[PDB]
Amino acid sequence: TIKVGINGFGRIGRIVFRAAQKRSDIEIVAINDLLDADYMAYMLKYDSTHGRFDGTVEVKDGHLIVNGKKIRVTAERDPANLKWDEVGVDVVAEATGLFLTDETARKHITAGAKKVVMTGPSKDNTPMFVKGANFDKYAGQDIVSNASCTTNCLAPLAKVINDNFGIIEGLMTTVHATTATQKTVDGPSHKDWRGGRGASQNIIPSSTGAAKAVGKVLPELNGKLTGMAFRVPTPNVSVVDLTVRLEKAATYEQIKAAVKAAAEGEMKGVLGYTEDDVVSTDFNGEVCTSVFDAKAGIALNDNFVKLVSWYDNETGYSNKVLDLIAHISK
């Protein structure tokens, strides 16, 4: 197995942890964050969104025992001090949100790890990879990024549409669940004033680099897509609303058929396809990073259409972080 250390035990770190338990190719052997082992165990056991942990959790000698396996727990602020080699870590899932450059993340490698996956968009030239879009472009780099949840939804769908019909131009909106960066009542948010406004009370316009980041994982789409977000009062699951103008005429039936073909073929397990009367909670726990909603989309004409795709912004992204870890470890 690939031995993995998780840096940061926020929503992504904890859902990565849960998603890892079912895999045979990877084992989590260590977690680092500014939390006691007892508090870590509590956060793992009980989850408002995803329910009780499926398995056993005990604290012994200041470390965790999960499904009978020992997991080293540390609280180091400085990544260079993590002593990853002491527990034989191969790959670090870097999930704090604080170390999204080569200089910062590389400290994991100084500390004994072989490779690092950032669980957010890199802030420098560190390459990004999105399953279904460009895992095949991985070129042995020791530090990589899995981009963001919204990019993991938009890119696989954009690729299918562009490959079959040619995207001339597109504009995207994500209607996005509330996240940890938001506030329960109007409070300070110096760099994002709207995002400080009470989350349960409001539809809140927000920026997203996702559509543009698609141009990084799919260079053929560079400059052809951009977008924005609205944060709304749900605790999880989000939806992409993609409006595109197409080079080749395609009826809505042709579009449905092309997406369904991908979902059952090349992009199975990444891209999903439904014709059911679904709502966001139907995707709580969804592993596919993009589930096309056939009945929700609408075409104005054969060259101008609005497509709708769901994503569990916690679960899909977290599973694909693990997919990328396995991928770079081949």
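Just count from 1 along the sequence shown to find any residue number.
S.K.: For the higher mean C-alpha B factor in the entry, choose 120-128 or 76-84.
M.R.: Higher mean C-alpha B-factor in the PDB entry: 76-84.
S.K.: In the PDB record, does 190-198 or 95-103 carry the higher mean Cα temperature factor?
M.R.: Between 190-198 and 95-103, it is 95-103.
S.K.: Per the entry's Cα B factor values, which of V239, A155, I143, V232 stands out as the maximum?
M.R.: If I rank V239, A155, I143, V232 by C-alpha B-factor, first place goes to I143.
S.K.: In the PDB entry, which of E275, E27, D302, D47 has its C-alpha at the highest B-factor?
M.R.: Within the set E275, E27, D302, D47, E27 shows the top C-alpha B-factor.
S.K.: What third of the chain does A294 rank in for C-alpha temperature factor, lowest, middle or highest?
M.R.: Within its chain, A294 is a lowest-third residue by C-alpha B-factor, going by the deposited values.
S.K.: Looking at the temperature factor on the CA atom of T110, which third of the chain's modelled residues does it land in?
M.R.: Highest third of the chain for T110's C-alpha B-factor.
S.K.: Please place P205 in the lowest, middle or highest third of its chain according to the CA B-factor in the PDB entry.
M.R.: Answer is lowest: the recorded C-alpha B-factor places it there.
S.K.: Lowest, middle or highest third: which one holds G51 when the chain's residues are ordered by CA B-factor from the entry?
M.R.: Answer is lowest: the recorded C-alpha B-factor places it there.
S.K.: Ranking every modelled residue in this chain by its Cα temperature factor as given in the entry, which third contains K306?
M.R.: For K306, whose C-alpha B-factor we compare with every modelled residue in the chain, the answer is the lowest third.
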